[PDB]
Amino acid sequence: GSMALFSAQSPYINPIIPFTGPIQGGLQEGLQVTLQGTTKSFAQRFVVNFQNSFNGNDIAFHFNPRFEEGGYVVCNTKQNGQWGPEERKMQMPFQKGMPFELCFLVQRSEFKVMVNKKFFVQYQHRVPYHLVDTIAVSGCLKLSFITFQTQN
């Protein structure tokens, strides 16, 4: 709970960072992509990208925690190799050397992002989400698994 959830595809178990893998069928409404991992002890930044294809030219949603200037998270979109206007959440919900549950929920108008079961940010779709078929994870973290679940 509070929702019943079903595997939408097989989990990636102990993925090695940097990780690039498919989201099979592309992102769909109601999908929860959950990353369970550990922020490194001397982390500077990490990145979770939801993107069309392996190139990283088109990133629907770039999630970029930065342990800099007090701690903040950047959310942005990249189109045809070009970054849009950043959305800076002036708070750091991750902690160096500590385990986290990072969950991305795909609604029709926005992504909702949960860190450790608590709501952290919303990010409104700038481009269509069904065109995302790739998750790329890199930077100062370790991961223990990634799950893909739906309410259907």
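Numbering starts at 1 and runs along the sequence shown.
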query: Mean C-alpha B-factor comparison - 28-36 and 59-67, higher one; finding: 28-36
query: Selected stretch [higher average CA B-factor]: 140-148 or 124-132; finding: 140-148
query: Out of 91, 44, 49, 116, highest CA B-factor residue; finding: 44
query: Third of the chain, ranked by Cα B-factor, where residue 87 sits; finding: lowest
